[PDB]
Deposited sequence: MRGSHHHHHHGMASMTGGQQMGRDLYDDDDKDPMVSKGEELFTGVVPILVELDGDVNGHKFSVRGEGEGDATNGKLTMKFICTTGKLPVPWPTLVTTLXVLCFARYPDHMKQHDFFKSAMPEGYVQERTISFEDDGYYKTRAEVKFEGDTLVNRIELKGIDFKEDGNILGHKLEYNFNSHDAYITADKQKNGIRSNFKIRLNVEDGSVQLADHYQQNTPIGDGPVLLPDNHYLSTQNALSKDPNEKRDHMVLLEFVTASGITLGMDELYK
């Protein structure tokens, strides 16, 4: 795949998110690099408008599946890299149990040598002292698997998956994700057989950083074929 050739080394990443949750407007910018050969990415994100009005763990999945590692032994098509450099649109509904929901639309594509994820996020119907707007979630993110299927009619893929967010009182709150991806432009893409992506995330803080921020290490690996 020609798109696959763009990922054999280390690739710089830029993430830009404009958000509006219950009328609270905010922006996030992130920079880092991705190593798709190892399924690895490292990022630092900053809330550039001041205080982030939602917990950072609720934004992890919104803030580049082209950096997944697709192992040889499954020998299956990589939709996300095959769409590059022109890239793809990634859209989601994210529902939080007994609370509001996010709607997201992002374009993932090369701008020069940088893989860019540019996102528009809207949050609706949140409770002002629920776990999200009330900041009652732990600063961590559990490992999870997500099932990927081909969407033949839209020449893309879909994925419905759940995330278990840890609440400060010891319980969990489900954030259910409903995702669809479609290619940008008219280049040919590879539609995969059904498979899984497995993800792990390590969240930390920069001790010299005064702004509201998140340092992230993430691994994404394909399986099941």
statement: Unmodelled spans of the deposited chain sequence come out as 1-35, 99, 262-270
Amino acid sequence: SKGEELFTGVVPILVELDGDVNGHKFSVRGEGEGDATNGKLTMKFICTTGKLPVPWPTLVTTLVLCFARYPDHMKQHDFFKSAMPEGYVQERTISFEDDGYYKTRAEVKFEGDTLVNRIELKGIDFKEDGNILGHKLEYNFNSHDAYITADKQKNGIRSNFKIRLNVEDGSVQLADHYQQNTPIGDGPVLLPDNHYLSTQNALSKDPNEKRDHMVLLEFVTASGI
From here on, numbers count along this sequence of modelled residues.
message: On mean Cα temperature factor in this entry, is 81-89 or 125-133 the higher one?
response: 125-133
- request: Output the stretch having the higher mean C-alpha B factor in the entry; the candidates are 174-182 and 49-57.
  value: 49-57
message: Ranking every modelled residue in this chain by its Cα temperature factor as given in the entry, which third contains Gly39?
response: lowest
query: So where's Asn194 on the chain's Cα temperature factor ranking, which third?
result: highest
task: Rank-wise, by C-alpha B-factor, drop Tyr101 into the lowest, middle or highest third of its chain.
output: lowest
query: Considering only modelled residues of the same chain, in which third does the CA B-factor of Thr62 rank: lowest, middle or highest?
result: lowest
query: Based on the entry's values, in what third of the chain does the Cα temperature factor of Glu107 lie: lowest, middle or highest?
result: lowest
